[PDB]
$ cat model20.csv   # CSV, C-alpha atoms
chain,number,residue,atom,x,y,z
X,1,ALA,CA,-2.1,-127.4,43.8
X,2,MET,CA,-0.2,-129.9,41.6
X,3,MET,CA,0.9,-128.7,38.1
X,4,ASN,CA,-1.8,-129.9,35.8
X,5,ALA,CA,-2.1,-130.9,32.1
X,6,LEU,CA,-3.1,-127.4,30.9
X,7,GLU,CA,-0.2,-125.8,32.6
X,8,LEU,CA,2.2,-128.3,31.0
X,9,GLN,CA,0.8,-127.4,27.5
X,10,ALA,CA,1.1,-123.7,28.4
X,11,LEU,CA,4.8,-124.1,29.4
X,12,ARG,CA,5.6,-125.9,26.2
X,13,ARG,CA,4.2,-122.9,24.2
X,14,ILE,CA,5.9,-120.4,26.5
X,15,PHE,CA,9.2,-122.0,25.6
X,16,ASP,CA,8.1,-122.6,22.0
X,17,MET,CA,8.9,-126.4,22.1
X,18,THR,CA,7.4,-129.4,20.3
X,19,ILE,CA,6.5,-132.4,22.3
X,20,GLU,CA,9.4,-134.2,20.6
X,21,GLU,CA,11.8,-131.5,21.9
X,22,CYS,CA,10.4,-131.9,25.4
X,23,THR,CA,11.1,-135.6,25.4
X,24,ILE,CA,14.6,-135.0,24.2
X,25,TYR,CA,15.6,-132.2,26.5
X,26,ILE,CA,13.3,-132.3,29.5
X,27,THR,CA,12.4,-136.0,30.2
X,28,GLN,CA,15.5,-137.0,28.2
X,29,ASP,CA,14.0,-140.3,27.1
X,30,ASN,CA,12.3,-139.6,23.8
X,31,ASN,CA,9.0,-140.9,25.3
X,32,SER,CA,6.4,-138.8,23.4
X,33,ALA,CA,3.6,-141.3,24.3
X,34,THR,CA,3.9,-140.5,28.0
X,35,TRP,CA,4.2,-136.8,27.5
X,36,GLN,CA,1.0,-136.8,25.4
X,37,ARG,CA,-0.7,-138.7,28.2
X,38,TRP,CA,0.3,-136.0,30.6
X,39,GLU,CA,-1.0,-133.2,28.4
X,40,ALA,CA,-4.2,-135.2,27.9
X,41,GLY,CA,-4.6,-135.5,31.6
X,42,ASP,CA,-4.8,-139.3,31.5
X,43,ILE,CA,-2.2,-139.5,34.2
X,44,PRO,CA,-0.5,-137.0,36.5
X,45,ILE,CA,2.8,-135.5,35.6
X,46,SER,CA,5.9,-137.1,37.1
X,47,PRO,CA,6.9,-135.0,40.2
X,48,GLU,CA,10.5,-135.0,39.0
X,49,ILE,CA,9.5,-133.4,35.7
X,50,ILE,CA,7.3,-130.9,37.4
X,51,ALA,CA,10.4,-129.8,39.4
X,52,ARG,CA,12.4,-129.5,36.2
X,53,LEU,CA,9.8,-127.4,34.6
X,54,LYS,CA,9.5,-125.2,37.6
X,55,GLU,CA,13.2,-124.6,37.6
X,56,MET,CA,12.9,-123.5,33.9
X,57,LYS,CA,10.2,-121.1,34.9
X,58,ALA,CA,12.4,-119.7,37.6
X,59,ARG,CA,15.4,-119.3,35.3
X,60,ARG,CA,13.1,-117.5,32.8
X,61,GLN,CA,11.9,-115.1,35.4
X,62,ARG,CA,15.4,-114.3,36.7
X,63,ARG,CA,16.5,-113.7,33.2
X,64,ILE,CA,13.6,-111.3,32.6
X,65,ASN,CA,14.2,-109.6,36.0
X,66,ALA,CA,17.9,-109.1,35.2
X,67,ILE,CA,17.3,-107.5,31.8
X,68,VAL,CA,14.4,-105.3,33.0
X,69,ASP,CA,16.6,-104.1,35.9
X,70,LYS,CA,19.2,-102.8,33.5
X,71,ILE,CA,16.6,-101.2,31.2
X,72,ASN,CA,14.9,-98.9,33.8
X,73,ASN,CA,18.2,-98.3,35.5
X,74,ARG,CA,19.4,-96.8,32.2
X,75,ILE,CA,18.0,-94.9,29.2
X,76,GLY,CA,18.5,-95.3,25.5
X,77,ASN,CA,17.8,-97.6,22.6
X,78,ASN,CA,17.5,-101.2,23.9
X,79,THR,CA,17.9,-103.8,21.2
X,80,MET,CA,18.6,-107.5,21.5
X,81,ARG,CA,19.3,-110.4,19.2
X,82,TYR,CA,16.6,-112.9,18.3
X,83,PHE,CA,17.9,-116.3,17.2
X,84,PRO,CA,15.6,-118.3,14.9
X,85,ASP,CA,17.8,-121.4,15.3
X,86,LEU,CA,20.2,-122.8,17.8
X,87,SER,CA,23.2,-122.3,15.5
X,88,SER,CA,22.6,-118.6,15.3
X,89,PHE,CA,22.3,-118.5,19.1
X,90,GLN,CA,25.6,-120.3,19.5
X,91,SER,CA,27.4,-117.8,17.2
X,92,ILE,CA,27.1,-115.4,20.2
X,93,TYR,CA,26.7,-117.7,23.2
X,94,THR,CA,29.2,-120.3,22.1
X,95,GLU,CA,28.6,-122.4,25.3
X,96,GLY,CA,24.8,-122.2,25.3
X,97,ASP,CA,22.6,-125.3,24.9
X,98,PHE,CA,19.1,-125.9,23.6
X,99,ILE,CA,17.3,-125.1,26.8
X,100,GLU,CA,19.3,-121.9,27.4
X,101,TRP,CA,18.4,-120.9,23.8
X,102,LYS,CA,14.6,-121.6,24.3
X,103,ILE,CA,14.6,-119.6,27.6
X,104,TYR,CA,16.4,-116.7,25.9
X,105,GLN,CA,14.0,-116.7,23.0
X,106,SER,CA,11.0,-116.8,25.3
X,107,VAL,CA,12.4,-113.8,27.2
X,108,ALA,CA,13.3,-111.9,24.0
X,109,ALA,CA,9.8,-112.5,22.5
X,110,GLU,CA,8.1,-111.3,25.7
X,111,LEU,CA,10.2,-108.2,26.0
X,112,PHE,CA,9.4,-107.2,22.5
X,113,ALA,CA,5.7,-107.9,23.1
X,114,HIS,CA,5.9,-105.4,26.0
X,115,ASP,CA,7.6,-102.8,23.9
X,116,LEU,CA,10.7,-103.0,26.1
X,117,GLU,CA,13.2,-104.2,23.4
X,118,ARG,CA,13.5,-104.1,19.6
X,119,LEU,CA,14.9,-107.2,18.0
X,120,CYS,CA,17.9,-107.5,15.7
F,1,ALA,CA,12.7,-98.4,12.6
F,2,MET,CA,10.1,-100.4,10.7
F,3,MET,CA,9.2,-103.8,12.0
F,4,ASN,CA,11.7,-106.4,10.8
F,5,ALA,CA,11.7,-110.1,10.0
F,6,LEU,CA,12.8,-111.1,13.5
F,7,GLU,CA,10.1,-109.1,15.2
F,8,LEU,CA,7.6,-110.7,12.8
F,9,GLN,CA,8.8,-114.2,13.8
F,10,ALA,CA,8.7,-113.2,17.4
F,11,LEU,CA,5.1,-112.1,17.3
F,12,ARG,CA,4.0,-115.2,15.4
F,13,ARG,CA,5.5,-117.4,18.0
F,14,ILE,CA,4.3,-115.5,21.0
F,15,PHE,CA,0.8,-115.8,19.6
F,16,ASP,CA,1.5,-119.5,18.9
F,17,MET,CA,0.4,-119.5,15.3
F,18,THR,CA,1.6,-121.4,12.3
F,19,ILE,CA,2.5,-119.5,9.1
F,20,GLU,CA,-0.6,-121.0,7.4
F,21,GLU,CA,-2.8,-119.6,10.2
F,22,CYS,CA,-1.2,-116.2,9.8
F,23,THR,CA,-2.0,-116.3,6.0
F,24,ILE,CA,-5.6,-117.1,6.7
F,25,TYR,CA,-6.3,-114.9,9.8
F,26,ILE,CA,-3.9,-112.0,9.5
F,27,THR,CA,-3.0,-111.3,5.9
F,28,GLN,CA,-6.0,-113.3,4.6
F,29,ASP,CA,-4.0,-113.9,1.4
F,30,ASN,CA,-3.6,-117.7,1.9
F,31,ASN,CA,-0.1,-117.4,0.6
F,32,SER,CA,2.6,-118.9,2.9
F,33,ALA,CA,5.4,-118.0,0.4
F,34,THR,CA,4.8,-114.3,1.0
F,35,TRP,CA,4.9,-114.7,4.8
F,36,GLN,CA,8.0,-117.0,4.6
F,37,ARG,CA,9.8,-114.4,2.5
F,38,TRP,CA,9.0,-111.7,5.2
F,39,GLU,CA,10.3,-113.9,8.0
F,40,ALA,CA,13.4,-114.7,5.9
F,41,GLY,CA,14.0,-111.0,5.6
F,42,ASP,CA,14.0,-111.2,1.8
F,43,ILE,CA,11.1,-108.7,1.4
F,44,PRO,CA,10.0,-105.9,3.7
F,45,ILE,CA,6.7,-106.5,5.5
F,46,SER,CA,3.6,-104.9,4.0
F,47,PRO,CA,2.9,-101.7,6.1
F,48,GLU,CA,-0.8,-102.7,6.3
F,49,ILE,CA,0.2,-106.0,7.9
F,50,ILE,CA,2.7,-104.3,10.3
F,51,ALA,CA,-0.2,-102.2,11.5
F,52,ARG,CA,-2.4,-105.2,12.1
F,53,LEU,CA,0.4,-106.9,14.0
F,54,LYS,CA,0.9,-103.8,16.2
F,55,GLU,CA,-2.8,-103.7,17.0
F,56,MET,CA,-2.7,-107.4,18.1
F,57,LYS,CA,0.4,-106.5,20.2
F,58,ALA,CA,-1.5,-103.6,21.7
F,59,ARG,CA,-4.6,-105.7,22.4
F,60,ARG,CA,-2.4,-108.3,24.1
F,61,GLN,CA,-0.7,-105.7,26.4
F,62,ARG,CA,-4.0,-104.1,27.3
F,63,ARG,CA,-5.5,-107.5,28.4
F,64,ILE,CA,-2.4,-108.2,30.4
F,65,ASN,CA,-2.4,-104.9,32.2
F,66,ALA,CA,-6.1,-105.1,32.9
F,67,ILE,CA,-5.8,-108.4,34.6
F,68,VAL,CA,-2.6,-107.8,36.6
F,69,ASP,CA,-4.0,-104.5,37.7
F,70,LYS,CA,-7.0,-106.2,39.5
F,71,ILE,CA,-5.2,-109.3,40.8
F,72,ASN,CA,-4.8,-108.0,44.3
F,73,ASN,CA,-8.5,-107.2,44.6
F,74,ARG,CA,-9.8,-110.5,43.2
F,75,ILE,CA,-11.9,-112.7,45.4
F,76,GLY,CA,-10.9,-116.3,45.5
F,77,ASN,CA,-8.0,-118.2,43.9
F,78,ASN,CA,-6.2,-116.5,41.0
F,79,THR,CA,-7.1,-119.1,38.3
F,80,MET,CA,-7.6,-118.5,34.6
F,81,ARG,CA,-9.2,-120.8,32.0
F,82,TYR,CA,-6.8,-122.2,29.4
F,83,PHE,CA,-8.5,-123.1,26.1
F,84,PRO,CA,-6.9,-125.9,24.0
F,85,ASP,CA,-9.0,-125.2,21.0
F,86,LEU,CA,-11.2,-122.4,19.6
F,87,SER,CA,-14.4,-124.3,20.3
F,88,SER,CA,-13.7,-124.5,24.1
F,89,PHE,CA,-12.8,-120.8,24.0
F,90,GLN,CA,-16.2,-120.1,22.5
F,91,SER,CA,-18.1,-122.0,25.2
F,92,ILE,CA,-17.2,-119.0,27.4
F,93,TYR,CA,-16.7,-116.2,24.9
F,94,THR,CA,-19.5,-117.1,22.6
F,95,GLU,CA,-18.6,-114.3,20.1
F,96,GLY,CA,-14.9,-115.1,20.3
F,97,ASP,CA,-12.9,-115.4,17.0
F,98,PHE,CA,-9.6,-117.1,16.1
F,99,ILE,CA,-7.5,-114.0,16.8
F,100,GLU,CA,-9.1,-113.1,20.1
F,101,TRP,CA,-8.5,-116.8,21.1
F,102,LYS,CA,-4.8,-116.7,20.2
F,103,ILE,CA,-4.3,-113.4,22.0
F,104,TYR,CA,-6.1,-114.7,25.1
F,105,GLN,CA,-4.0,-117.9,25.1
F,106,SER,CA,-0.8,-115.9,24.8
F,107,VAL,CA,-1.8,-113.8,27.8
F,108,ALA,CA,-2.8,-116.8,29.9
F,109,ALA,CA,0.5,-118.5,29.2
F,110,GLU,CA,2.5,-115.4,30.2
F,111,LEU,CA,0.6,-114.9,33.5
F,112,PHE,CA,1.2,-118.5,34.4
F,113,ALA,CA,4.9,-118.2,33.5
F,114,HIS,CA,5.0,-115.2,35.9
F,115,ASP,CA,3.2,-117.2,38.6
F,116,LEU,CA,0.3,-114.8,38.7
F,117,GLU,CA,-2.4,-117.3,37.6
F,118,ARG,CA,-3.0,-121.0,37.9
F,119,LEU,CA,-4.6,-122.5,34.8
F,120,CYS,CA,-7.8,-124.6,34.6

$ encode --input "model20.csv" --output "structure tokens"
Amino acid sequence: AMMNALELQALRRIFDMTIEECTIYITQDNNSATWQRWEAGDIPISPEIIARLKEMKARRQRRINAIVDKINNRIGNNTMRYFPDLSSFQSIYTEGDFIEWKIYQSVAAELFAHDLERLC
Amino acid sequence: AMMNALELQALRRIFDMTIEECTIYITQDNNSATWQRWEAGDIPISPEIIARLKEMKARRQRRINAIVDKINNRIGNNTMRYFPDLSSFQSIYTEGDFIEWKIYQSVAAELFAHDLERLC
């Protein structure tokens, strides 16, 4: 089944992004009007954007899998940085962009919620 | 180690709540300044509040585990309702409150991110 309006809203929250940020980094056209129409279900989501979002979900899962793989393959105090803003993220990942930062943050928050990592 | 400012920010965002909502529904002190200072790391978080946050974290994990544990035996498509506002949430969970709603939504978004449930 085609990605629907509710799932779009859910993804935005999973990645902790505002509609404005989605129009800047995902659709890359600053068109908030169209994005709101999508979340309102007035019109179907552009197939091209669905594909972009699905690749973000995939990147997120691979990131989580990679970290979890290292956790249960080792033992000890697992702690990871949590970056409130992009600049703090770039102090460590000097080549990281906004989307990379949001994916990282989403993963860090989930891992902490599952009691798998402490944040620093 | 006691819960720190970063973990407090992480939980607020995974539950998709604004600071104002946290002051009304979690601390119930209606004082954003206090919460902002906690997220800024200026003042340690009140132990009472840390406890409340850990319980929400525990409730979240319990709901996730309960659902994922029965996915393979579920009859029909793996779909889950996504509720945009508290009122819609209460049309199903008639005794549902703000906190249960936020926790539910967090769980729904995660399961969708993990491709375990489609949202409707």

$ closest_atom_pairs --input "model20.csv" --of "chain F" --to "chain X" --cutoff "9 Å" --atoms "only C-alpha atoms" --output "CSV"
residue,atom,partner,partner_atom,distance
F:3,CA,X:118,CA,8.7
F:4,CA,X:119,CA,7.9
F:5,CA,X:120,CA,8.8
F:6,CA,X:119,CA,6.3
F:7,CA,X:119,CA,5.9
F:9,CA,X:84,CA,8.0
F:10,CA,X:109,CA,5.3
F:11,CA,X:109,CA,7.0
F:13,CA,X:16,CA,7.1
F:14,CA,X:109,CA,6.4
F:16,CA,X:13,CA,6.9
F:57,CA,X:113,CA,6.2
F:58,CA,X:113,CA,8.5
F:60,CA,X:113,CA,8.2
F:61,CA,X:114,CA,6.6
F:82,CA,X:6,CA,6.6
F:83,CA,X:6,CA,8.4
F:84,CA,X:6,CA,8.0
F:105,CA,X:10,CA,8.4
F:106,CA,X:14,CA,8.2
F:108,CA,X:10,CA,8.1
F:109,CA,X:10,CA,5.3
F:110,CA,X:14,CA,7.1
F:112,CA,X:7,CA,7.6
F:113,CA,X:57,CA,6.2
F:114,CA,X:61,CA,6.9
F:115,CA,X:57,CA,8.8
F:118,CA,X:7,CA,7.7
F:119,CA,X:7,CA,5.9
F:120,CA,X:6,CA,6.6

$ closest_residue --input "model20.csv" --among "X:68, X:75, X:104, X:22" --to "residue 89 (chain X)" --atoms "only C-alpha atoms"
X:104

$ atom_distance --input "model20.csv" --atom1 "CA of residue 36 (chain F)" --atom2 "CA of residue 19 (chain F)"
7.5 Å

$ atom_distance --input "model20.csv" --atom1 "CA of residue 27 (chain F)" --atom2 "CA of residue 62 (chain F)"
22.6 Å

$ atom_distance --input "model20.csv" --atom1 "CA of residue 111 (chain X)" --atom2 "CA of residue 64 (chain X)"
8.0 Å

$ decode --input "model20.csv" --residues "chain F" --atoms "C-alpha atoms" --output "PDB file, in the first residue's frame"
ATOM      1  CA  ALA F   1      24.884   7.991  36.736  1.00  0.00           C
ATOM      2  CA  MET F   2      21.848  10.203  37.310  1.00  0.00           C
ATOM      3  CA  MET F   3      19.798  11.176  34.257  1.00  0.00           C
ATOM      4  CA  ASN F   4      21.416  14.181  32.584  1.00  0.00           C
ATOM      5  CA  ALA F   5      20.280  17.121  30.468  1.00  0.00           C
ATOM      6  CA  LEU F   6      20.818  15.285  27.183  1.00  0.00           C
ATOM      7  CA  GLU F   7      18.768  12.289  28.209  1.00  0.00           C
ATOM      8  CA  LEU F   8      15.996  14.638  29.344  1.00  0.00           C
ATOM      9  CA  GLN F   9      15.990  16.313  25.912  1.00  0.00           C
ATOM     10  CA  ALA F  10      16.069  12.900  24.214  1.00  0.00           C
ATOM     11  CA  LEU F  11      12.974  11.694  26.071  1.00  0.00           C
ATOM     12  CA  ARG F  12      11.051  14.896  25.468  1.00  0.00           C
ATOM     13  CA  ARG F  13      11.667  14.533  21.742  1.00  0.00           C
ATOM     14  CA  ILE F  14      10.971  10.814  21.503  1.00  0.00           C
ATOM     15  CA  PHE F  15       7.599  11.524  23.137  1.00  0.00           C
ATOM     16  CA  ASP F  16       7.141  14.467  20.752  1.00  0.00           C
ATOM     17  CA  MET F  17       6.268  16.965  23.487  1.00  0.00           C
ATOM     18  CA  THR F  18       6.969  20.687  23.754  1.00  0.00           C
ATOM     19  CA  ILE F  19       8.550  22.070  26.911  1.00  0.00           C
ATOM     20  CA  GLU F  20       5.229  23.706  27.797  1.00  0.00           C
ATOM     21  CA  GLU F  21       3.453  20.355  27.555  1.00  0.00           C
ATOM     22  CA  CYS F  22       6.117  18.842  29.829  1.00  0.00           C
ATOM     23  CA  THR F  23       5.514  21.547  32.439  1.00  0.00           C
ATOM     24  CA  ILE F  24       1.765  20.913  32.360  1.00  0.00           C
ATOM     25  CA  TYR F  25       1.676  17.117  32.157  1.00  0.00           C
ATOM     26  CA  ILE F  26       4.943  15.902  33.689  1.00  0.00           C
ATOM     27  CA  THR F  27       6.110  18.373  36.347  1.00  0.00           C
ATOM     28  CA  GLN F  28       2.709  20.078  36.547  1.00  0.00           C
ATOM     29  CA  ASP F  29       4.544  23.218  37.683  1.00  0.00           C
ATOM     30  CA  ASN F  30       3.672  25.298  34.613  1.00  0.00           C
ATOM     31  CA  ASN F  31       7.222  26.682  34.650  1.00  0.00           C
ATOM     32  CA  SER F  32       9.159  26.379  31.395  1.00  0.00           C
ATOM     33  CA  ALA F  33      12.142  28.210  32.880  1.00  0.00           C
ATOM     34  CA  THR F  34      12.796  25.322  35.263  1.00  0.00           C
ATOM     35  CA  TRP F  35      12.604  22.723  32.504  1.00  0.00           C
ATOM     36  CA  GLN F  36      14.739  24.838  30.154  1.00  0.00           C
ATOM     37  CA  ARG F  37      17.440  25.084  32.824  1.00  0.00           C
ATOM     38  CA  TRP F  38      17.357  21.302  33.184  1.00  0.00           C
ATOM     39  CA  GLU F  39      17.797  20.781  29.431  1.00  0.00           C
ATOM     40  CA  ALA F  40      20.571  23.386  29.386  1.00  0.00           C
ATOM     41  CA  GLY F  41      22.374  21.429  32.087  1.00  0.00           C
ATOM     42  CA  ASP F  42      22.409  24.437  34.438  1.00  0.00           C
ATOM     43  CA  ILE F  43      20.563  22.638  37.232  1.00  0.00           C
ATOM     44  CA  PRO F  44      20.328  18.920  37.957  1.00  0.00           C
ATOM     45  CA  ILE F  45      16.917  17.387  37.286  1.00  0.00           C
ATOM     46  CA  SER F  46      14.605  16.885  40.273  1.00  0.00           C
ATOM     47  CA  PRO F  47      14.796  13.230  41.370  1.00  0.00           C
ATOM     48  CA  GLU F  48      11.007  13.072  41.504  1.00  0.00           C
ATOM     49  CA  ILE F  49      10.777  14.051  37.840  1.00  0.00           C
ATOM     50  CA  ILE F  50      13.578  11.672  36.830  1.00  0.00           C
ATOM     51  CA  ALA F  51      11.489   8.885  38.373  1.00  0.00           C
ATOM     52  CA  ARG F  52       8.391   9.936  36.431  1.00  0.00           C
ATOM     53  CA  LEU F  53      10.384  10.029  33.201  1.00  0.00           C
ATOM     54  CA  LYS F  54      11.814   6.574  33.813  1.00  0.00           C
ATOM     55  CA  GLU F  55       8.306   5.218  34.349  1.00  0.00           C
ATOM     56  CA  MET F  56       7.166   6.668  31.020  1.00  0.00           C
ATOM     57  CA  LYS F  57      10.256   5.104  29.439  1.00  0.00           C
ATOM     58  CA  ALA F  58       9.343   1.773  31.047  1.00  0.00           C
ATOM     59  CA  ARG F  59       5.700   2.003  29.931  1.00  0.00           C
ATOM     60  CA  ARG F  60       6.871   2.737  26.391  1.00  0.00           C
ATOM     61  CA  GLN F  61       9.174  -0.280  26.282  1.00  0.00           C
ATOM     62  CA  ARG F  62       6.480  -2.531  27.730  1.00  0.00           C
ATOM     63  CA  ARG F  63       3.982  -1.493  25.055  1.00  0.00           C
ATOM     64  CA  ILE F  64       6.557  -2.037  22.305  1.00  0.00           C
ATOM     65  CA  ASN F  65       7.557  -5.471  23.553  1.00  0.00           C
ATOM     66  CA  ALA F  66       3.928  -6.557  23.985  1.00  0.00           C
ATOM     67  CA  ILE F  67       3.079  -5.651  20.394  1.00  0.00           C
ATOM     68  CA  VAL F  68       6.205  -6.986  18.700  1.00  0.00           C
ATOM     69  CA  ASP F  69       5.875 -10.232  20.662  1.00  0.00           C
ATOM     70  CA  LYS F  70       2.485 -10.990  19.080  1.00  0.00           C
ATOM     71  CA  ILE F  71       3.117  -9.696  15.557  1.00  0.00           C
ATOM     72  CA  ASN F  72       3.730 -13.134  14.056  1.00  0.00           C
ATOM     73  CA  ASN F  73       0.434 -14.484  15.421  1.00  0.00           C
ATOM     74  CA  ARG F  74      -1.725 -11.540  14.415  1.00  0.00           C
ATOM     75  CA  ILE F  75      -4.587 -12.225  12.009  1.00  0.00           C
ATOM     76  CA  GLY F  76      -4.768  -9.859   9.058  1.00  0.00           C
ATOM     77  CA  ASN F  77      -2.574  -6.946   8.041  1.00  0.00           C
ATOM     78  CA  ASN F  78      -0.194  -5.468  10.596  1.00  0.00           C
ATOM     79  CA  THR F  79      -1.795  -2.032  10.807  1.00  0.00           C
ATOM     80  CA  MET F  80      -1.923   0.339  13.735  1.00  0.00           C
ATOM     81  CA  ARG F  81      -3.964   3.494  14.264  1.00  0.00           C
ATOM     82  CA  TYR F  82      -2.050   6.779  14.341  1.00  0.00           C
ATOM     83  CA  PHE F  83      -3.849   9.532  16.273  1.00  0.00           C
ATOM     84  CA  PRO F  84      -3.071  13.169  15.230  1.00  0.00           C
ATOM     85  CA  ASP F  85      -4.773  14.619  18.304  1.00  0.00           C
ATOM     86  CA  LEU F  86      -5.847  13.539  21.778  1.00  0.00           C
ATOM     87  CA  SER F  87      -9.533  13.600  20.822  1.00  0.00           C
ATOM     88  CA  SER F  88      -9.101  11.035  18.054  1.00  0.00           C
ATOM     89  CA  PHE F  89      -7.050   8.889  20.440  1.00  0.00           C
ATOM     90  CA  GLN F  90      -9.924   8.969  22.924  1.00  0.00           C
ATOM     91  CA  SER F  91     -12.449   7.804  20.312  1.00  0.00           C
ATOM     92  CA  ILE F  92     -10.797   4.391  20.771  1.00  0.00           C
ATOM     93  CA  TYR F  93      -9.224   4.615  24.231  1.00  0.00           C
ATOM     94  CA  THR F  94     -12.105   6.439  25.909  1.00  0.00           C
ATOM     95  CA  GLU F  95     -10.234   6.730  29.215  1.00  0.00           C
ATOM     96  CA  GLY F  96      -7.011   7.780  27.491  1.00  0.00           C
ATOM     97  CA  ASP F  97      -5.087  10.757  28.837  1.00  0.00           C
ATOM     98  CA  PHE F  98      -2.434  13.054  27.379  1.00  0.00           C
ATOM     99  CA  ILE F  99       0.553  10.998  28.562  1.00  0.00           C
ATOM    100  CA  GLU F 100      -0.849   7.649  27.384  1.00  0.00           C
ATOM    101  CA  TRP F 101      -1.504   9.294  24.014  1.00  0.00           C
ATOM    102  CA  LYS F 102       2.046  10.634  23.642  1.00  0.00           C
ATOM    103  CA  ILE F 103       3.513   7.280  24.659  1.00  0.00           C
ATOM    104  CA  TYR F 104       1.225   5.455  22.220  1.00  0.00           C
ATOM    105  CA  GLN F 105       2.159   7.778  19.354  1.00  0.00           C
ATOM    106  CA  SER F 106       5.872   7.304  20.099  1.00  0.00           C
ATOM    107  CA  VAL F 107       5.420   3.526  19.951  1.00  0.00           C
ATOM    108  CA  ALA F 108       3.401   3.703  16.727  1.00  0.00           C
ATOM    109  CA  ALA F 109       6.017   5.872  15.017  1.00  0.00           C
ATOM    110  CA  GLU F 110       8.829   3.534  16.038  1.00  0.00           C
ATOM    111  CA  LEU F 111       7.062   0.395  14.823  1.00  0.00           C
ATOM    112  CA  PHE F 112       6.425   2.088  11.499  1.00  0.00           C
ATOM    113  CA  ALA F 113      10.069   3.194  11.284  1.00  0.00           C
ATOM    114  CA  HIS F 114      11.034  -0.437  11.814  1.00  0.00           C
ATOM    115  CA  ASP F 115       8.600  -1.550   9.093  1.00  0.00           C
ATOM    116  CA  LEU F 116       6.612  -3.669  11.549  1.00  0.00           C
ATOM    117  CA  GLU F 117       3.314  -1.809  11.224  1.00  0.00           C
ATOM    118  CA  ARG F 118       1.535   0.287   8.607  1.00  0.00           C
ATOM    119  CA  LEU F 119      -0.364   3.292   9.976  1.00  0.00           C
ATOM    120  CA  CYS F 120      -4.043   4.136   9.479  1.00  0.00           C
TER     121      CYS F 120
END
